[PDB]
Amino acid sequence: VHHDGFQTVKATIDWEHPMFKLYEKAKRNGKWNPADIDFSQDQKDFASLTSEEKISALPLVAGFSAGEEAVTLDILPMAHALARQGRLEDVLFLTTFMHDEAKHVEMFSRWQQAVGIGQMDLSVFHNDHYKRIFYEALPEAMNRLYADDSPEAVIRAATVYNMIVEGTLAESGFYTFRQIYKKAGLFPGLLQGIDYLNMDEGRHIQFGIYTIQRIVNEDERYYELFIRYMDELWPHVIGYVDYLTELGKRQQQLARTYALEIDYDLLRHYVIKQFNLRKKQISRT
């Protein structure tokens, strides 16, 4: 529909808005380019591995590649909803959020291309719980915003996207990469990419917290909805984590060859810790 007028004609950008300040940080801190990462040692590393050692990292990379692609596509309805609400500074920030995710998609795909598994269909490592989150719950909650931008809808979208997918699963995946492959001295280009992704995703979670909290500030009853929506998704989070753990325990050749001690119980507790920590970052009041 039509534009009634424009904020930067009637007035200016709200220079003190928290999302404008986050937009400014994103420009300053967002200059990295996946095209500059040297994957040449990753290629040699991957080639040096046996077939059974090779597959060890792929379930995780499969989860990330799909995840980054999903969040790239599925942030667009949130940007649209906030734009229609006239929240210009949120929109400015979300352009950096979307461009970040584009780079994240690119980073993992560049890695797959470099190590020679670009032609492999990694969908085999998406179990039912993963599909329930990334193929279904995430796009459903986001696409809802095109026809229902109520506070309930916006909280549910930010919960699934920012607090579960990014704030629980992605953060735990970064930790896992460091606990396993950084200890093995493997895939230095991928691990460089992970470090840049982790920095970007700190801003993304701040936007989710800002968005949920500002709606909770309007009516404390929305706090109960946030907790409920978190708890609804937990079975699929831990169902996917348990699936990745089972795969890891059934193919132990990389851990043995590299004399690693992968504590899968420690990884499980980190996911639980992230989930609970995300809940603690929203307050009823």
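Residue positions are given as counts along the sequence shown, with the first one as 1.
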Taking the recorded C-alpha temperature factors, which stretch has the higher mean, 128-136 or 99-107?
128-136
On mean Cα temperature factor in this entry, is 52-60 or 252-260 the higher one?
252-260
Which is it among 119, 72, 206, 213: the one with the largest CA B-factor in the entry?
119
Between 13, 267, 9, 19, where does the Cα B-factor run highest in the record?
267
Would you check the entry's CA temperature factor for residue 43 and let me know if it's in the chain's lowest, middle or highest third?
middle
What third of the chain, by the recorded C-alpha B-factor, contains residue 185?
highest
Ranking the modelled residues of this chain by C-alpha B-factor as given in the entry, is residue 179 in the lowest, middle or highest third?
highest
Ordered by C-alpha B-factor within the chain, which third holds residue 36? Give me lowest, middle or highest, please.
middle
